[PDB]
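Single chain ahead, written as structure tokens, the form deposited in one PDB entry.
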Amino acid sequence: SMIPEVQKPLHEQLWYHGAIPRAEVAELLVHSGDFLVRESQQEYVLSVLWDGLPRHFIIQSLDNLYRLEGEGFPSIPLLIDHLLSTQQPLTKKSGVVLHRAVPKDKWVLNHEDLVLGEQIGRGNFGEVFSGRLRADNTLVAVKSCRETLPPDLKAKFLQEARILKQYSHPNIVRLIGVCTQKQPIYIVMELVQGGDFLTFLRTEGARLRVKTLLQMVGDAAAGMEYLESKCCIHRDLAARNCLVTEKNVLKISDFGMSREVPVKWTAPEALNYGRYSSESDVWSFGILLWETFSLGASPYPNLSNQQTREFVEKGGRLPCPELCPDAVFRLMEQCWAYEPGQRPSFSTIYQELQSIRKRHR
């Protein structure tokens, strides 16, 4: 007891995907004749899979009527339902016939489902805002994609959402939703209330006893053990990409680079040969441990990026921070073993941090 679906506004249609990039359309259509409707970079486009490729048709509008090449209709849903029913080729020259509408997935949210609050910085692709779900005031982080990035990079942006949809762990930041209906597109995450771990160490560091710091890097080890168990390589592990909850729990984030430039956190073999692995993540973990005990000082402050590569390639490593227990430094040195196979696992790291922590008041 509602109204016919075809009488609902375009923007309510399940097969209307809004501002999804042309690139992303290829990931959503499976079988011949799958289609969806979307906005273009601005008129409307009917994207339909044909011979394994998306084909894109401009829906024209003249004197309030929508059409491809024939009979015009008062709305896009009416046009869609007519093309679907008559099994008409969309245009003669293409010969393409619609077969099934592909709905938005369970994660898509409308822009109006969010209330933006204060800007909280910038990530690799745009501003990030604190905000709330309008429905229930749940606190969220809204990561925006700068509307003038290359449509090729709206892909690397939406890739973090694709990954996170499949992950669930107490030390990994949780995805809430994806706002791809309007520009600018947003990825919506739980708001981790204490901010990023770098600013935390720099602002709150004086209060963080060794026992506490060990609990927080223990959390980062548990998160990374989880990613290792999913064959997920983070590639950008650093304090700036860890977040701190209001109860001091650490969560790993920033899965844009992740896969199933920050030279100073990156393993030699990853820089030299492009070989990224969970072993190169353990290298980055050693650097994170250094940041942790240096109250967020920057690593290798005497060295350019290039000098860091060269320094490391002749056996240079970071020195032991004043606050860093000797046992933690010995662990860090294992994490930065030149031979990647000689580095400890995340399980081993977690175990040794937990053990060291019982020796601190």
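For every residue, the number given is its place in the sequence shown, counted from 1. Only the largest set of C-alpha atoms that superpose within 1.5 Å between the two forms is called the rigid core.
Undergrad: At a threshold of one third of the other compared entries, does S61 come out as unmodelled?
TA: Yes, a third or more of the compared structures omit it.
Undergrad: Does a third or more of the other compared entries skip modelling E71?
TA: Missing in at least a third of the others, so yes.
Undergrad: Can you tell me how many deposited residues have no coordinates between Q41 and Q42? The categories are none, 1 to 3, 4 to 9, and 10 or more.
TA: Just 1 to 3 residues are missing between them.
Undergrad: Does the chain run continuously from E260 to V261, or are deposited residues unmodelled in between? Answer none, 1 to 3, 4 to 9, or 10 or more.
TA: Gap between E260 and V261: 10 or more unmodelled residues.
Undergrad: Out of 196-204 and 182-190, which stretch has the higher average CA B-factor listed in the record?
TA: The deposited B-factors put 182-190 ahead on the C-alpha mean.
Undergrad: 121-129 versus 171-179: which one carries the higher mean Cα B factor per the record?
TA: Stretch with the greater average CA B-factor: 121-129.
Undergrad: Among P319, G316, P325, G52, which carries the highest Cα B-factor?
TA: That would be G52, according to the entry.
Undergrad: Say you rank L14, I349, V25, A337 by Cα B-factor from the PDB entry; which sits at the top?
TA: By C-alpha B-factor in the record, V25 ranks first.
Undergrad: Name the third of the chain's ranked CA B-factors that contains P151, choosing lowest, middle or highest.
TA: It falls in the top third of the chain.
Undergrad: Can you tell me which third, lowest, middle or highest, the CA B-factor of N302 falls into for its chain?
TA: CA B-factor rank for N302: middle third.
Undergrad: Considering only modelled residues of the same chain, in which third does the CA B-factor of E225 rank: lowest, middle or highest?
TA: Within its chain, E225 is a lowest-third residue by C-alpha B-factor, going by the deposited values.
Undergrad: Among the modelled residues of this chain, does the Cα B factor of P74 put it in the lowest, middle or highest third?
TA: Its C-alpha B-factor belongs to the highest third of this chain's values.
Undergrad: What third of its chain's C-alpha B-factors does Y273 belong to: lowest, middle or highest?
TA: Middle third.
The form deposited in another entry exists for this protein as well; it is not shown, and the discussion that follows is about that form.
Undergrad: Scan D152, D136, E112, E246 for the one whose CA shifts by 2 Å or more between the shown form and the other one after superposing the rigid core, and name it.
TA: Residue with a C-alpha shift of 2 Å or more: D152.
Undergrad: Core aligned, does the CA of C335 move at least 2 Å between the shown form and the other one?
TA: No, the C-alpha position differs by under 2 Å between the shown form and the other one.
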